[PDB]
């Protein structure tokens, strides 16, 4: 991805977009009961903690576009992946407006708490004013589609979340690039059934984990993986994607019966954004918050890994490449050992910056003991080995519990963390609960005990 130009929005007929500047994150009642070093991300140019220009830092993710056309290895990757998706008999018909707005089997209703995007954010009109969960009314939406059309600018917001000390100082805040409600609706109508098929089929056929339930999915992954695992991290995946990867994605869509609306992908590839009082044009780079972001990043990841394998290992049998992606995150396997370092080398030529799995210093062999997916390790249950625990290290949970965005959601927030933590074992879980209960706020929470969560887990399969 590369920003073509940036200029005052007024110069191109757009209003100034008001974006938050004060974090809603504040120390929680557990701030001093648990250790952590993360703080709220810099949200404004004048944040005192900044040690470098903010604007420059947030847009530096756009490292450029390394490739223009779809080469022969990519075309082969496209054919193999598309052929694989064909086996799912994905319903290629457009999804009706109602289901696209309020959901259906395999697709949850539009989130009413997220931005409505342009021009609604500028007209002070909320989603709640347009959608009605109880009525499933499409009349108001339909008039808006007719009035403002599609392919509207994407509104950019700095994401309010916790970040490392370094990322705070370097102004490395992440951005929310929200599509207009009109575009979310149009894209969900165009690809609604594709989204549903993926959500209902997490695994090695879709090559996607989007919509998965880790508590149940983890026991299914090993049987899907090959004999040899391999993985690696991407540096700024979304923003590094070159236009050619979007074209390759369109080829897949065409081959599986959606050639009908590949135009929507152009809207993702060549897009314009509004940030504060500026407007800018980007070539390449996947927008962080459009409907289908994680699904398309996942599809593209399937194309990337297949491409690098073909380019690096001629004669590779893609029918034995078993991988599952969640955006840029991936867990992959092959009957034979492969060199991630070589794949990373080949990756640079395609505009991808690949590094050792989980921040490792060197490319090491990935095993069932050290592999992670969605930050979770895999650990067989002690009593029933066939049941696999998704294990997120307590470090992440501790970092998260030390802050709150709304005192009213304290119990939901803490319970959510408990659902993640108990997998670390009864001893650790109890220590976690004891610390929570070392302060008044924690003592007033209704939290599940270990045996309750274990029983509930067994009863969920």
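Residue numbers count along the first chain shown, from 1.
The PDB entry records a higher mean C-alpha B factor for 50 to 58 than for its counterpart among 430 to 438 and 50 to 58. If you average the C-alpha B-factors over 322 to 330 and over 337 to 345, the higher value belongs to 337 to 345. Going by the entry's values, 94 shows the largest Cα B-factor out of 372, 242, 94, 312. Comparing the listed residues 193, 302, 115, 84, the entry records the largest Cα B-factor for 115. Annotation for residue 453: CA B-factor lies in the lowest third of the chain's modelled residues. When all modelled residues of the chain are sorted by CA temperature factor, residue 368 is found within the middle third.
Remark: residue 162 belongs to the middle third of its chain, ranked by C-alpha B-factor as recorded. Ranked against the other modelled residues of its chain, the C-alpha B-factor of residue 73 as given in the entry falls in the middle third. When the modelled residues of the chain are ordered by C-alpha B-factor, residue 215 sits in the lowest third.
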